[PDB]
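Reading through the structure tokens given below for one structure.
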Ligand SMILES: Nc1nc2c(ncn2[C@@H]2O[C@H](COP(=O)(O)OP(=O)(O)OP(=O)(O)O)[C@@H](O)[C@H]2O)c(=O)[nH]1
Ligand SMILES: Nc1nc2c(ncn2[C@@H]2O[C@H](COP(=O)(O)OP(=O)(O)O)[C@@H](O)[C@H]2O)c(=O)[nH]1
Ligand SMILES: Nc1nc2c(ncn2[C@@H]2O[C@H](COP(=O)(O)OP(=O)(O)O)[C@@H](O)[C@H]2O)c(=O)[nH]1
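Residue numbers (the deposited numbering), protein chains in the order written: chain C, 1 to 434; chain B, 1 to 426; chain J, 1 to 426.
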């Protein structure tokens, strides 16, 4: 049937995948050792998109772990989730690229790219309904940028027509770690425009704002930030892993949300995202959280949504939701005038309601709420998020700082110049279409 | 004898019939095994029209179930009345349209059209003389509006003689359902005005307004919205399945209404409609059931009936009724509402009365009207269709499939000539 | 046949009928389910005048219940005989008048007037020939005196032919009930002298004086004060509902009394009225029931009957009575009280006798009189109305709604011409 493959490249690929595949074992009733208990067969209704069958219910994830460094991969090969994954699906590196492009685009990647594309083809030949790709990466990583652009340069030659999905983290304009992240974000945007269907972005700080105010988590780290992103990942798959009245597959997401083949970069949002106590004193209706979707304390990228112009807003609901107030509240959004559209698209809405409510992680900070919304809103606030990063790249480039690492690794300096004219017209097209 | 197949394509029309066959099962006294348990043989003497009995009475519905994915197959199969359908007909693909017309028409629908074409042929070879087809699909989505669009273009090569019922949902002015919803409308109706005989433009929006006021139901289940679509369709074919003082087949419903080979775009109506507690407090007279039929409340589409003119009034009444009171009040509406009719067509009322009511009432009324305010249905979508063609958005999902730009404009000219023809006689 | 709707608006008239329909229910032998349990068909042969039977005999009263808030809805609905009323008619708003005329007339009443206007239309379309309307509301408050005021201004556009019964309570000279009570009187009567046919000025004050002396009741429940309003109204329409030796409809009660198109302001009366223990100790003769009717005690309004003149005496007697003793004593009152009549109108007594008494007695008398001492009812309020206009108080609750100052003075001139017309013939 339909079967979807996931690829995890970089350390952000490692631990986000350590949460998403951890979460899916809860939502299908699969024990982490590798087999299933017999009670979760009725829950296991069309789980075939990720898990091959082996011998007696033993379910390997159709997932590939790619890293140039063996350290964080051994965390998978130490914990409980060691026996779940397949060993020859784990392909490790030895020498690190250290957030450098040609160290991750030519040096260690080209010794390992031929090993992993076989493991792509070894697994994908079982498919008769191969839909899409979950590729997880960063923007400033050596293998996060240098290998990811090269990997998407090769799978479009192989499979082409079949879809792709990229999840990543938007680098914050104020608080971020690596100094080469303004460099590599221009590099990972250069040749991945042509080789990616859609790519999503989240902020470190925009997670933190709801963590401190609504979750009331005043000591967050990369443990709980992986759980919050994984709920957004799981809510997309709920249209596919279960039987809904009006649901949507991966080819349909890009068909609605891509108005032009270059501007295809929306973001995410999730609500209700609060702690376990505040849901007790409040009855969260449909009109409650849907109006909570379109306020700037709910976006997952810290920018100005009111200074952006909405073009195609996508909505996926979960839980037992009636469509009457849905057909009212989205109309009640249209009664408000602050939600600005473009003049040519009034019909940029998507309706999706699944029967299954989201189930929370065990021992987590969330609360069991029936209603939830995964808001996807492509807008022109991405252009205002382009200018904050195009300011960082050029001024460090003008003094030619940190160029002496990019030179000797098999890389040219004129490629920095061509990406400048490439990204200049990109943020222009938000204002040209808008 | 007079035999009709029912074909479902796209996610909309696949679940409409899934509640609709149940009433057809229950009006004739059969079981999910197809076991006849009707007490009177009035439920058996016209059982053959939608069924092919084989090998000790397990009646199979003359139904074809097509999808581009196996998602909607198992839900109907494991759901209610799943054992009744013939597993020979479970033909499907592995793509999914992704709300794309040229995928459903040129790319992916062109593969699966050959398999069910023989299935259309196979059940039509085992009968003496076919009568017409009934088709449930969508016009907003991509599967039924792309694949069921092309199916009518090949029925006329097999059977250029009979009638074609193409029941499909239509967009609403208030809230759009999909993003390419004006694209899926103009390109479909381009083929619907070529080779079809009737479409019933049912708005998703106004069905809640029926349920919110009459039924007062706070929780609209999608089984219940199609249930009001289910009782509409069963009242249309009551003459072919039941006797009475005046019988009227689908061709008589066709020939009385459509005046010109394009204007066949009709909206349906049904009375009585109310909640539970208002049963005894109103009257079950001919007069009370009359004025409900001619209200904006009973308009299943969200168009205003006092912004148009009724051309052909079809009154399919169900139940033991007095003919003269039907003859009384159908005169009386034109003595009241002569502005609400077209003027140059005299005697706008067509009346067909079967003496059998549906299960659950004592006297019912199945209305199908022709208001020229349905011109505004194609006014509102022709602007939304030309809202995005002026900026050439989403062209890489159609030209990337291989669609012509003139395929838009040829449909766009024929869309605008359509509202000129309602304007011709209004 | 001859059909009459009963409409209630404002908190006063909503609870008057709530005990009044009970007697109408009990005089004709029906139940809160509407189940007819009358033993003799005399209680059935004119049941149609206030009812529309539908679907196995659950009679619904031809009643419309309007409020600006849902407060008075549920109390009537959950109270006694709550299951009898049709839930189609439960039309209401969400404002509350707050004792403001221009809210009830211009601001908030203008919204809810459209919904029940079709409800006035709907029950009048299902009949052959309407007869007239009866309306219970207030003149002191804000809801009924503001919204029911405007309703009569739109009945004449629908039906400029029939009669209009506008029963409403009036202010008393002793203790005012609300603060803007002279404002709610002059502005209402400005519209009441334009398009109405009868008003019964019932004082809230003198109803206790009836209960304190005759009934001797120490605890006046508001169910009991409207109970004396209930038996007054049922005796008026006894001819249309029961046979007898002389029948007299509401139009005959109209045409005999009103001499000029303004002077139709009548006070009612009822006899016998006493407590429990004085039953056997008095006499049930024509002579004892006569002189009770012409006492200041029986004056339901607090005006002095020997400070005016009876113009038209309406004697609606109920019970098996001797006609000659009625013919005897109605002569004898004018041989006693010739000063108490107008002089130039001969034979001031109008007599209508139905041979059916109300339930609970053996012989009763329903009196409606026309004293010209009701001139003092509009003398006392025209000074209180002009008590606060001289200081322009509370103008920011009316001009803030958008009321004209000339709207006061145009009503104020027509208020003072009204008492000149009682002065014309006194
Ligand atoms: N929040 C979060 N961010 C991560 C995590 N892992 C990596 N990142 C992001 O990845 C960016 C840089 O990429 P890295 O993961 O450090 O390097 P890489 O992708 O493994 O590529 P190499 O240099 O070849 O090792 C940083 O800016 C981080 O924000 C993680 O576990 N949690
Ligand atoms: N009433 C009702 N309408 C539905 C249901 N499912 C889909 N629809 C309608 O069908 C339209 C979408 O068409 P669909 O067949 O689902 O897309 P497709 O599969 O690509 O052809 C929408 O406008 C929905 O309103 C349902 O269960 N009930
Ligand atoms: N007998 C009786 N009179 C009432 C009752 N309720 C209100 N009234 C009279 O109604 C008058 C007030 O009018 P009302 O309708 O309450 O004010 P509104 O709602 O603003 O129109 C007062 O003079 C009261 O005497 C009741 O239950 N019984």
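Heads up, the beta-carbon is just placed ideally off N, CA and C, and yes, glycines get one too.
In this structure, the straight-line span from the alpha carbon of residue 245(C) to that of residue 75(B) is close to 10 Å. For the pair of segments examined, the segment 386-406 of chain B was found not to touch the segment 17-37 of chain J: the number of CB pairs separated by less than 8 Å stays below three. Distances taken from the Cβ of residue 417(J) to the heavy atoms of ligand 3 include none shorter than 7 Å.
For residue 256(C), the nearest beta carbon of chain B is closer than 8 Å to its own beta carbon. Taking each of 102(B), 261(B), 267(B) in turn and checking the Cα distance to residue 204(B), the smallest one comes out for 267(B).
Note: residue 61(C) is bridge-paired with 51(C) in the DSSP secondary-structure output. DSSP, reduced to helix, strand and coil, places residue 367(B) within a strand of the structure shown.
Annotated three-state conformation of residue 90(J) is strand, per DSSP. Annotation for residue 11(C) indicates a beta carbon within 7 Å of some heavy atom of ligand 1. For residue 348(C), the residues of chain B that pass the 7 Å Cβ criterion are 179, in the order they occur in the chain.
Around ligand 3, the residues selected by a Cβ distance under 6 Å to any of its heavy atoms are 10(J), 11(J), 12(J), 15(J), 97(J), 99(J), 138(J), 140(J), 141(J), 142(J), 143(J), 144(J), 145(J), 169(J), 177(J), 204(J), 222(J), 225(J), 226(J), following chain order. Listed in chain order, the alpha helix (DSSP H) runs fully inside the segment 77-161 of chain C are 113-124, 147-158, counting runs of at least 4 residues. Assignment of residue 114(B) by DSSP, reduced to helix, strand and coil, places it in the helix class. In terms of Cβ geometry, residue 248(C) and residue 229(C) do not form a close pair [threshold 8 Å].
Annotation for residue 246(C) indicates a beta carbon within 7 Å of some heavy atom of ligand 2.
For the pair residue 138(J) and residue 165(J), the CB atoms are not nearer than the 8 Å cut-off. For residue 249(C), the nearest CB of chain B lies under 8 Å from its own CB, placing it at the interface with that chain. Under the three-state reduction of DSSP output, residue 418(J) falls in the helix class. In this chain, the beta strand (DSSP E) harbouring residue 67(J) covers 63-67.
Taking residue 381(C) as the centre and dropping the five residues before and after it, the same chain places the C-beta of 303, 304, 305, 307, 308 closer than 7 Å to its C-beta, in chain order.
Look at residue 9(B) here: in three-state DSSP terms it is strand. Check the Cα spacing between residue 373(B) and each of 349(B), 389(B), 340(B): the tightest is with 340(B). Among the residues of chain J, none has a CB under 7 Å from the CB of residue 217(B); the nearest is roughly 16 Å distant. Identification of chain B residues near residue 312(C) by a Cβ-Cβ cut-off of 8 Å yields 179, ordered along the chain.
For residue 136(J), the uninterrupted beta strand (DSSP E) run begins and ends at 129-137, by DSSP.
With its beta carbon less than 8 Å from one in chain J, residue 280(B) belongs to the interface.
Listed in chain order, the non-local C-beta contacts of residue 325(J) below 6 Å within the same chain comprise 286, local neighbours out to five positions each way being set aside.
Only 280, 281, 282, 283, 284, 287 from the segment 279-313 of chain B bring a Cβ to less than 7 Å from some Cβ of chain J.
Between ligand 1 and residue 15(C), a heavy atom-to-CB distance of less than 7 Å is present. Bridge partners of residue 166(B) according to DSSP: 135(B), 199(B). Near chain B, meaning a CB-to-CB distance below 9 Å, the residues of the segment 110-144 of chain C are 128, 129, 131. Close to residue 396(B), with beta-carbon spacing below 7 Å, are these residues of chain C in chain order: 261. Sixteen is the threshold: when 16 or more other Cβ atoms of the shown chains lie within 10 Å of the Cβ of residue 148(C), as they do, the residue is buried.
Residue side-chain check: residue 204(C) places its Cβ nearer than 7 Å to a non-hydrogen atom of ligand 1. Counting only the Cα atoms, residue 316(B) lies some 30 Å from residue 120(B). For residue 388(B), the nearest CB of chain C lies under 8 Å from its own CB, placing it at the interface with that chain.
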